[PDB]
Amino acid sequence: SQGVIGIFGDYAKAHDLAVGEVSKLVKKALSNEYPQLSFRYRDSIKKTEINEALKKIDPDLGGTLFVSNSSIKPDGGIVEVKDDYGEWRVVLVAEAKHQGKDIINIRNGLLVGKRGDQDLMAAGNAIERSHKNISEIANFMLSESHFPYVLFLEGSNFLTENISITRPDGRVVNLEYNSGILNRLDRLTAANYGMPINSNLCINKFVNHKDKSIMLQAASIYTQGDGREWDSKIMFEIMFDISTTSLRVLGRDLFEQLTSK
């Protein structure tokens, strides 16, 4: 906690702040540590923007739109920095998804399944939707050398450890973390090419195969491994980390703004 970061995180903790509201708290923290640079927070990017960024890499890209005022709303919002050339650069994007009511059911006594008999519920695939926004922002940032997209997972479908929950009638039901009846965590790992979860993957890797070279944009996938609620303090700390990492990678475009002024 470099100075105020400890003061800020406890404010998050004190209020149980959701993901969008923490991303705002980050904007304030950042502008309280970089008072020369200019930060803003959005709750939306409209497809036209993305398309126009796509077009500027190659003129054959970004030539589709079917709904004119179409947009994407990451429920954590976007935080940006104005660089030396008046352009706005994305420093943080974040999302928070929930899947798996199982721990609630078996924390109580409600049997599930078609015939009201099962302790566990066969996990679904809705979480795969999270791959779209990742592609949009990855396309939006196809000229950047960083990818400050952070996902925050919660629920019985993203366990990293074996947890046992006791129902009102004394019985300890047990969730096995690697059971393909509950765990959907593998449905997400395409997003960071099988690199580590709960990790800051913000700086883009450059790999190859032949006369090739290719940049990979990898989402930072964070999960609460015991099905518990996320602690808004650590959620803040993580987002602060990704965004400061983003500012590192942006350094060359930010020199004049924070050194000359």
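We number the residues from 1 along the sequence you see. Take the two forms, superpose them, and find the largest set of C-alpha atoms that agree within 1.5 Å; that set is the rigid core.
Undergrad: Name the stretch that deviates more in 4 other deposited structures of this protein: 206-214, or 45-53? Use RMS CA distance to the shown form, core superposed.
TA: Stretch with the higher C-alpha RMS distance in 4 other deposited structures of this protein: 206-214.
Undergrad: Output the stretch, either 150-158 or 121-129, that has more C-alpha displacement from this form in 4 other deposited structures of this protein following superposition by the rigid core.
TA: Most displaced of the pair in 4 other deposited structures of this protein: 121-129.
Undergrad: Give the stretch, out of 147-155 and 68-76, with the larger mean C-alpha temperature factor in the deposited entry.
TA: If you average the C-alpha B-factors of 147-155 and of 68-76, the larger mean comes out for 68-76.
Undergrad: Quick check on the record: does 226-234 or 47-55 carry the larger mean Cα temperature factor?
TA: Between 226-234 and 47-55, it is 226-234 that shows the higher mean C-alpha B-factor.
Undergrad: Name the one of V173, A96, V93, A122 with the greatest CA B-factor according to the PDB entry.
TA: The listed residue with the largest C-alpha B-factor is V173.
Undergrad: Could you say which of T189, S130, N108, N139 has its CA atom at the highest B factor, as listed in the PDB entry?
TA: Largest recorded C-alpha B-factor: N108.
Undergrad: Comparing against every modelled residue in the chain, figure out the third that the C-alpha B-factor of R89 lands in (lowest, middle or highest).
TA: Middle third by C-alpha B-factor.
Undergrad: For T160, return the chain-relative third of its C-alpha B-factor as stated in the PDB record: lowest, middle or highest.
TA: Middle third, going by the recorded CA B-factors of the chain.
Undergrad: What third of the chain does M239 rank in for C-alpha temperature factor, lowest, middle or highest?
TA: Lowest third.
Undergrad: Where does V207 sit by CA temperature factor within its chain: lowest, middle or highest third?
TA: As the PDB entry reports it, the C-alpha B-factor of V207 lands in the highest third of its chain.
Undergrad: So where's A14 on the chain's Cα temperature factor ranking, which third?
TA: Tercile = highest for this residue's CA B-factor.
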